[PDB]
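The form solved without the partner chain is given below as one chain in structure tokens.
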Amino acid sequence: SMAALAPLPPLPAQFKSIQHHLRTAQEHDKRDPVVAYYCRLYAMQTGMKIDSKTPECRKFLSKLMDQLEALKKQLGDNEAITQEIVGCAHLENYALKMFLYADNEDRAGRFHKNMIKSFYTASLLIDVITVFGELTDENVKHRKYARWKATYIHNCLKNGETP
């Protein structure tokens, strides 16, 4: 019931490139607040790179920072927040779990929204872990593979063809 955790302003058009990362954040507010936090942290860092001075962008980022400060406080004594190494592993491993879920569906020839979303979200989470520093080679490889699969399978199903 912290007011700072209430919804943000509408996303500025300048920040279109982080719309899906922010959506991922909010879909995890209950499910996994650690993921919710770091997705917002990435959105904040990326948004500042893009535009922190245009009034709408400055206002949006100011509210996002309010929400980050509140959420960090509320997460309290959480290892994945107090220890960057653990936070990075938490996100990397959550990405890997949905990646391997989607891979298992793919290998079985089971194509559906959930595994498409799992591939795509895995790729978004690898974007997010750039907040911890340089990506590993395997990070780069997984993000590319996952986003390719999400796009490819989606397009095939849209056209009625088996991937």
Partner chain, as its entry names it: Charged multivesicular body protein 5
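Residue numbers count along the first chain shown, from 1.
Between the two ranges 83-91 and 70-78, the one averaging a larger CA B factor in the entry: In the deposited entry, the stretch with the higher C-alpha B-factor mean is 70-78.
Using only C-alpha atoms and the B-factors in the entry, which stretch averages higher, 138-146 or 151-159? That would be 151-159.
Would you mind finding, among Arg40, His28, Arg107, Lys63, the residue with the largest C-alpha temperature factor in the entry? Checking the PDB record, the top C-alpha B-factor among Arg40, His28, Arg107, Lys63 is at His28.
For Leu100, return the chain-relative third of its C-alpha B-factor as stated in the PDB record: lowest, middle or highest. Lowest third of the chain for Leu100's C-alpha B-factor.
Hey, what third does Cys57 fall into on Cα B-factor, ranked over its chain? Highest third.
Among modelled residues of the same chain, the CA temperature factor third for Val35: Middle third, going by the recorded CA B-factors of the chain.
Looking at the C-alpha B-factor of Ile126, is it in the lowest, middle or highest third of its chain? As the PDB entry reports it, the C-alpha B-factor of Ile126 lands in the lowest third of its chain.
Comparing against every modelled residue in the chain, figure out the third that the C-alpha B-factor of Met44 lands in (lowest, middle or highest). Its C-alpha B-factor, which the entry lists for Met44, ranks in the lowest third among residues of this chain.
What follows is about the form solved in complex with the partner chain, which we do not show.
Is the gap between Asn104 and the partner chain in the entry with it bound 4.5 Å or less for some heavy atom pair? Contact check for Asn104: yes, within 4.5 Å of the partner chain in the entry with it bound.
Since only the chain is shown here, I'm wondering whether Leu135 would be in contact with the partner chain in the entry with it bound (any heavy atom pair within 4.5 Å). Flag for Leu135 set to no.
Wondering, does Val34 line up within 4.5 Å of the partner chain in the entry with it bound on heavy atoms? Close contact is absent here: in the entry with it bound, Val34 is far from the partner chain, nothing within 4.5 Å, heavy atoms only.
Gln19: touches the partner chain in the entry with it bound, heavy atom cutoff 4.5 angstroms: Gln19: contacts the partner chain in the entry with it bound.
Does anything in 81-120 come within 4.5 Å of the partner chain in the entry with it bound by heavy atoms, and if so which residues, in order? Counting only heavy atoms within 4.5 Å of the partner chain in the entry with it bound, the contacting residues of 81-120 are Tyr94, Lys97, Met98, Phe99, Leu100, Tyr101, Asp103, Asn104, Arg107, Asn114, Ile116, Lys117, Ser118, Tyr120.
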